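**Student:** Sequence, then structure. It's an experimental one.
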Number of protein chains: 2
Amino acid sequence: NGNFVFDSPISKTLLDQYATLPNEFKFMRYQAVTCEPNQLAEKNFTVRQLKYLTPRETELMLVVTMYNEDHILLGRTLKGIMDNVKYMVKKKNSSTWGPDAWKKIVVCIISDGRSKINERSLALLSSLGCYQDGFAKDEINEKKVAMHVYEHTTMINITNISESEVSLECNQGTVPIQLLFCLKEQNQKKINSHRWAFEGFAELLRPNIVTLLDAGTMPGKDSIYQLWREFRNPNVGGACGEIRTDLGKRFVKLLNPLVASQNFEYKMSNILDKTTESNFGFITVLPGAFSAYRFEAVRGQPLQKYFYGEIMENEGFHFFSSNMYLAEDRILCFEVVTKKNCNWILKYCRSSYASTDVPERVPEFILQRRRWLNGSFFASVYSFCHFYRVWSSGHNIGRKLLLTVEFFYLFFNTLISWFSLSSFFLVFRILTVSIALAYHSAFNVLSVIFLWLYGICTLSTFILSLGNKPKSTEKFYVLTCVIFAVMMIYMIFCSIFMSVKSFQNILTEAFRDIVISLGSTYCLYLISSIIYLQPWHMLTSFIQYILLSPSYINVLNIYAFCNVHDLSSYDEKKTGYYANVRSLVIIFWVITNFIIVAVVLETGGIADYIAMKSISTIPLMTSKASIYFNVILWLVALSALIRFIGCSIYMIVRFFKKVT
Amino acid sequence: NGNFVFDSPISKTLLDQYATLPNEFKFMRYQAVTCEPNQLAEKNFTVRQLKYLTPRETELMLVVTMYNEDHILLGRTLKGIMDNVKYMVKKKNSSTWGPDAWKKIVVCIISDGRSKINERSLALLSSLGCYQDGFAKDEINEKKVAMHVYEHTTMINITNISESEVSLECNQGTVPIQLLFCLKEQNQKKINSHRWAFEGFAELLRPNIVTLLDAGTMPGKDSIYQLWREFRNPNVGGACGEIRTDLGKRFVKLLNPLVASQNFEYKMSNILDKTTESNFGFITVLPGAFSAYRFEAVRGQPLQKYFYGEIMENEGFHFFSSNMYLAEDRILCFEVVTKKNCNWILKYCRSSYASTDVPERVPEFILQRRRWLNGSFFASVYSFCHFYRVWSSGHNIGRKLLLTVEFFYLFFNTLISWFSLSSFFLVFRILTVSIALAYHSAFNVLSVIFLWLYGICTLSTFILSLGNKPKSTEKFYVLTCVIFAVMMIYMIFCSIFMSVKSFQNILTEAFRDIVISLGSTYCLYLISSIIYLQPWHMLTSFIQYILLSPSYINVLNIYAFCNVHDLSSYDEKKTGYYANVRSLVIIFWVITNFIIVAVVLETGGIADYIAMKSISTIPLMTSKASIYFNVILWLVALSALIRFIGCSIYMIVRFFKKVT
Ligand SMILES: NC(=O)OC[C@H](O)[C@@H](O)[C@H](N)C(=O)N[C@H](C(=O)O)[C@H]1O[C@@H](n2cc(CO)c(=O)[nH]c2=O)[C@H](O)[C@@H]1O
Ligand SMILES: NC(=O)OC[C@H](O)[C@@H](O)[C@H](N)C(=O)N[C@H](C(=O)O)[C@H]1O[C@@H](n2cc(CO)c(=O)[nH]c2=O)[C@H](O)[C@@H]1O
């Protein structure tokens, strides 16, 4: 049909394994694609699934993305998938998953560039019988090729994963898998790969559900099946399973403090936040590593906004229309909820889990968090600045009201997180000075030293994040984290010391109240973990996270706000606009935080002004500090309480549904 | 000789003008150079000057550098040169400059790249008969050409410069000029352009004196001749004239405040600093726009250090060995003074002047000053960190001692300038608070507002200089300068107000002393200007400079320290080292200044610590502020006094030499 195709018989050894035979098992198809993803249909590109005498009906289509992963991570992910399909076909009382479930299940593996792909994994892929060199063409009839499509259905299954080798076997218990290997001619953006999946192949495949995976992610032994079960309600359009750190063999990785704190964080985010948000019906972010979308729900407006942005735009740049790309993923969720005349919702099913690797060194950790913080902030402001769209959807009145209250709660979250830095120093200074004034022994020298340490660390972090890169200077970041850990240790010691002394004296008072409130939040965390029935997470070095806490409050935030856009003709004007908007958020951040600090501690000449106005007719401490300190933990207790109540509701309805 | 040469007869019209005739007048030589500058000799490249039957003896060789200048600036510079040579030949009583003195002089014009050269000026050059297209070759016998050499001796002289057109004429009063047009095949560093002059052509030309000019610089009607006269002393090896800001026709540019302040600065630097430094015998910097070097003195070690750097170096990077390039020009001066077994000195002759254009908009002004500030700081630290070399030279003991004391004085200059920012804010705060405490009327609100304004401006400048570029954001810099001008206005008003009130009361006291000292420095400036016999410069909007002063103290310095290296395999390691060293000077700067501010104003918890130590047994102001404020103007008066004394000595010896 004017296009280049090539069929090469499957490896004779692989054919012998298959024997251990209809045409699709014995051969590999190769197609060369030279168009952008949205011409696969009418430019006469096809797949085997439609070439049979009776076209195959796709019930699930699976996508995984590779950039440079070695064969271990990919092997693990496909081990999970093949196990899950084996359980799928093993089901008896399921028409969707009977003797030939894989007939309705095809797995697509989206590479990114031959140059950066790890041939170390191409070895395994060739072992599976879906990849052979020799017939790769970079340009066809003066048309540059866009992607290579390799297409085979194997019989070999992965069965064990050792730290070094990948165990594959072919027996009578194996289950056929339909493969779709796509190799982008050159390395491209992950969103482009998603477009190749959604805007492209999915259109021909006509799938009922599309699940986004990620190389190195472990589906549970039945997590995919459970996720599919969640879609029996005709209202859900997206869903996501709990994601936990893969830790290490015999939990060895749990030695690393960073891994320990990250583990506790992953657990919390999946115990309070997601259950609370899924109670209302809107989830802030579906993890890109593991998510599922009903295809018909997402087509149209969502993919438009995701791949193109707000088309309605003049020649000049606008804030949203040229900044929404930093919330690339989150916007999808928003767009499905408030679609016109459609009542789609999102759901969080806790019993489908996935274990993933995490960054292990400070540079990679920071370079990862940066994207997440920027995306979260931009998506939150975009959602709150356009919430009225929810009233233009097809929801009933109750859903609409619940979505409204949820939006207000989320904006309260983003605002309280915006002024976190000011509270951090404001609290530390108040407690340190309070105790030093109280007892006089040796906190006096300590107070001065700690203040200087915090100032130098805060400044140096600003300078380094604005000018330098994390890769060049790794030692200083580790030292900064250590210093913040020491400061947090001293803060806790002061708190407990004052609490004990005040208890003896009653045998100040607001600090007895603060220890009440801190005990309250810790006990509520414990109860929340107890309800979920995974209470060893609190024992997973949660204290290690507490020590690293200050770092996240005074290091991740500064870097995230100091590297907003990652800058490097129309291009120069765009770069100038990006640089201008980057250096304008930071100044606002510092000024707004310092306004609170000045109002409370009475620095910046305010004390001098007050004292000398009274002369017209300075103190060491005022009641303002006491009031502020009471208020901050008032708020912390409130947040913990509302989140605990939400978690209980989610678990209660989940259990009640199980009872029914 | 295995090389490509090409002779084309001079324009017939130009030939007719010449008639209005020996061979060198009637033809243009063209040579193609394909080696690096230090093979012009032994790779058999020659020039006409040596091709005559009796080789011509070069008494002066002149170099001018072009990057993109239009025909006006170049035309002005060559107008100056031809006038000066006309006066040179017009001289009667001289053993050297006779009727054929022009033959002993050759002018070399070093371009930089065909791509960026202004063909708008190539028009004028072709008019002069030293440039014709058609026979340009970019590569000769698989060897890339390095430079095009065009060679002619004209008879036309420039006679008037209108804002639009260049008046050229050919009459009986014109004087022949020997030209050497060297258009670099590709644009490159100006130092590389100089490398072609000194390490290259000069070796064949064997000149007695080489004068560095710059496109757009006006030699005086006799400045070149005077500069040559300065070399009759067999000890001088370099000398420089005096640069005057171009006020423009009827001082039209003067209206611009920036031009006015720059004019006053150019005058001062040439009235106190250079005369004082030339009294001892070492000049900090010979202006690249206008300078003169005795060739034999500079050959050897100086060009080695200038073009290559400290060869003695390991694989790793060292501070000096890889940072000296930022003081590219200044080092030359140092190297001539402390040459081994040579007693060369530098001299400053005031009566040779040169008028040049200056940057007129804030972005270009800042992008210019940056290089000067970085070069000055690095050269000063390099000189003071290696001063013992002076004792290894061939000077007598008296010269050696004078050079020692001068080096100490220069390091005192660089140190006092290093802690200028801290003094700026420290003084402003002390005066504003002092007055506000004094009188209570409305300085109270003003004091608080001014403090906040300074803080925001200082912060915003830090952020913008670290992250952004001056080109993108021009408006904010102008606003910053305006704000600093307003702050300086208020500072002056407070000073005079307190002085007047204290005078009435005596009809605090340290501030009566400060007004004494400020009157002292202003009157010493006036007397210094009076002695030099150019006292209209004080009337050239010197007050406009005073208003812009704060800006230079709190804007030029921050940008200079925040863009030290201009960063953008061995290259990546080098870039990492540059980025590391860049972000380490800044932190030192801030910490050292804030240490002074904390010690004096007693901020940073020091007051809290003192008060609560006394509790173990805070004020609004202490005597420390009074002591510091007295000391700072003590120092300012000292500097003004020593500089005035030096200026007088220079003028006295100059006059005495004239008397003798
Ligand atoms: N909560 C949660 O997300 O889990 C953690 C999450 O799994 C991470 O830990 C996980 N290691 C991870 O980074 N996955 C990436 C992602 O999808 O974001 C995958 O995208 C692919 N990719 C990415 C880029 C740069 O964006 C590219 O240029 N090309 C490209 O191909 C690549 O295959 C990468 O693996
Ligand atoms: N006190 C004092 O110096 O006077 C002020 C001084 O004259 C300035 O105002 C004067 N406008 C000026 O900038 N002259 C430059 C200089 O010599 O530094 C000349 O160097 C040339 N050049 C420069 C670069 C970049 O460095 C290049 O890449 N290529 C290149 O050819 C260029 O011809 C430029 O004109």
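**Tutor:** The structure has been received and is ready for your questions. Numbers count the residues shown, from 1 in each chain, chains lettered A, B, ... in the order given. Ligands and ions are numbered 1, 2, ... in the order given.

**Student:** domain parsing for chain A?
**Tutor:** As given by automatic domain parsing, the domain ranges for chain A are A:5-361, A:419-659.

**Student:** Rebuild those as CSV, extending it with distance to residue B:395 and mean neighbour count.
**Tutor:** For every residue, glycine as well, the C-beta is placed using N, CA and C. Shown next, in CSV, are the domains of chain A (distance: least, C-beta to C-beta, whole Å; neighbours: other C-beta atoms under 10 Å in any protein chain shown):
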stretch, distance to residue B:395, mean neighbour count
domain A:5-361, 57, 18
domain A:419-659, 44, 16
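
**Student:** just so I know, which of those domains lies nearest chain B?
**Tutor:** domain A:419-659 (4.6 Å; C-beta to the nearest C-beta).

**Student:** out of the domains of chain A, nearest to ligand 1?
**Tutor:** For ligand 1, the closest of those is domain A:5-361, at 3.2 Å, according to C-beta to the nearest ligand atom.

**Student:** Does chain B have contacts with the closest one?
**Tutor:** No: if you take C-beta under 8 Å from any C-beta of the partner chain as the test, domain A:5-361 misses chain B, and the best it gets is 13.5 Å.

**Student:** Return the residues of chain A in contact with ligand 1.
**Tutor:** Within reach of ligand 1 by C-beta under 6 Å from any ligand atom, chain A has these residues: A:65-67, A:112, A:190, A:214-217, A:243, A:287-289, A:356, A:358.

**Student:** quick one: which of these is nearest residue B:432?
**Tutor:** Nearest to residue B:432 among the residues of chain A next to ligand 1 is residue A:358, at 53.0 Å by C-beta to C-beta.

**Student:** and that closest one, what are its phi and psi?
**Tutor:** For residue A:358, the backbone dihedrals are phi -140, psi 160 (criterion: degrees, to the nearest 10).

**Student:** any idea how far it is from residue A:538?
**Tutor:** For residue A:358, the distance to residue A:538 (C-beta to C-beta, to the nearest Å) stands at 19 Å.

**Student:** and if you look at residue A:193?
**Tutor:** 38 Å.

**Student:** Give the helix, strand or coil label for residue A:346.
**Tutor:** Under DSSP: H, G, I helix; E, B strand; the rest coil, the three-state class of residue A:346 is strand.

**Student:** actually residue A:309, sorry about that
**Tutor:** coil.

**Student:** Isn't it up against residue A:325?
**Tutor:** Yes: with contacts counted by C-beta atoms under 8 Å, residue A:309 reaches residue A:325, the gap being 6.5 Å.

**Student:** tell me the SS of the closest residue to ligand 2 within the stretch 201-350 of chain A?
**Tutor:** In the stretch 201-350 of chain A, the residue found nearest to ligand 2 is residue A:317; the distance is 32.4 Å by C-beta to the nearest ligand atom. Counting by three-state DSSP, the backbone at residue A:317 sits in coil.

**Student:** thinking it is in contact with residue A:577, fair?
**Tutor:** Yes: Residue A:317 is in contact with residue A:577 according to C-beta under 8 Å; the separation is 5.0 Å.

**Student:** Check the spacing between residue A:391 and ligand 2 real quick.
**Tutor:** Separation of residue A:391 from ligand 2 (C-beta to the nearest ligand atom, to the nearest Å) stands at 61 Å.

**Student:** quick check: longest helix of chain A.
**Tutor:** Longest helix in chain A, counting residues (DSSP state H): helix A:623-659.

**Student:** Residue A:383 should be in a strand, yeah?
**Tutor:** No: with three-state DSSP as the criterion, residue A:383 is helix rather than part of a strand.

**Student:** residues near it, how many?
**Tutor:** 24 (other C-beta atoms under 10 Å in any protein chain shown).

**Student:** thinking it is in contact with residue A:334, fair?
**Tutor:** Yes: with contact defined as C-beta under 8 Å, residue A:383 reaches residue A:334; the gap is 5.6 Å.

**Student:** hmm, back to that, got the phi and psi for the residue of the stretch 201-350 of chain A closest to ligand 2?
**Tutor:** Dihedral angles (degrees, to the nearest 10) for residue A:317: phi -90, psi 140.

**Student:** which residues touch the residue in the stretch 401-550 of chain A that ligand 2 sits nearest to?
**Tutor:** Closest contact between the stretch 401-550 of chain A and ligand 2, by C-beta to the nearest ligand atom, is at residue A:467 (23.7 Å). Neighbouring residues of residue A:467 by C-beta atoms under 8 Å, 6 or more residues apart in numbering or on different chains: B:466, B:579, B:582-583.

**Student:** Let's see that with 10 Å instead.
**Tutor:** By C-beta atoms under 10 Å, 6 or more residues apart in numbering or on different chains, the contact list for residue A:467 reads A:562, B:466-467, B:562-563, B:567, B:579, B:582-583, B:586.

**Student:** how far away is it from residue A:492?
**Tutor:** To residue A:492, residue A:467 is 34 Å away according to C-beta to C-beta.

**Student:** Same question for the closest residue to residue A:498 other than its chain neighbours, what's its three-state structure.
**Tutor:** Sequence neighbours aside, residue A:511 is the residue nearest to residue A:498 in space, at 5.2 Å (criterion: C-beta to C-beta, 6 or more residues apart in numbering or on different chains). Put simply, residue A:511 is helix when judged by three-state DSSP.

**Student:** Could you check how far the closest residue to residue A:39 other than its chain neighbours is from residue A:238?
**Tutor:** Nearest residue to residue A:39, sequence neighbours excluded (C-beta to C-beta, 6+ apart): residue A:45, at 7.8 Å. Distance from residue A:45 to residue A:238, counting by C-beta to C-beta: 28 Å.

**Student:** List the contacts of the most centrally placed residue in chain A.
**Tutor:** Most central in chain A under C-alpha atoms, centre = their mean is residue A:287, positioned 4.6 Å from the mean C-alpha point. Listed by C-beta under 10 Å, 6+ apart, the contact partners of residue A:287 are A:212, A:214, A:217, A:240-243, A:269-270, A:274, A:329, A:354, A:356.

**Student:** pretty sure residue A:66 is touching residue A:117, no?
**Tutor:** Yes: at 6.6 Å, residue A:66 counts as touching residue A:117 under the criterion of C-beta atoms under 10 Å.

**Student:** overlap in contacts of these two?
**Tutor:** Shared contacts of residue A:66 and residue A:117, defined by C-beta under 10 Å, 6+ apart, are found at A:111, A:125, A:183-184.

**Student:** quick one: which of those residues sit in strands?
**Tutor:** If you go by DSSP state E, those have A:183-184 in strands.

**Student:** For the shared contacts of residue A:66 and residue A:117, work out which two are farthest apart.
**Tutor:** Largest pairwise distance in the shared contacts of residue A:66 and residue A:117, by C-beta to C-beta, is 14.9 Å, between A:125 and A:184.

**Student:** all helices for the stretch 301-450 of chain A, in order.
**Tutor:** All helices of the stretch 301-450 of chain A, identified by DSSP state H, counting those that start in this stretch, fall at A:301-307, A:319-323, A:330-337, A:362-384, A:397-418, A:420-439, A:443-467.

**Student:** so can I have TSV of the ones you listed showing distance to residue B:515?
**Tutor:** Shown next, in TSV, are those (distance: least, C-beta to C-beta, whole Å):
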stretch	distance to residue B:515
helix A:301-307	68
helix A:319-323	52
helix A:330-337	64
helix A:362-384	54
helix A:397-418	49
helix A:420-439	40
helix A:443-467	37
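
**Student:** So which of the ones you listed is nearest residue B:572?
**Tutor:** helix A:362-384 (15.4 Å).

**Student:** so how far is that closest one from its chain's centroid?
**Tutor:** 9 Å (C-alpha atoms, centre = their mean, to the nearest Å).

**Student:** Run through the neighbouring helices and strands of it.
**Tutor:** Counting contacts by 3 or more C-beta pairs under 10 Å, 6 or more residues apart in numbering or on different chains; DSSP states H and E, helix A:362-384 is packed against helix A:257-268, helix A:319-323, helix A:330-337, helix A:397-418, helix A:475-506, helix A:542-551, helix A:557-562.
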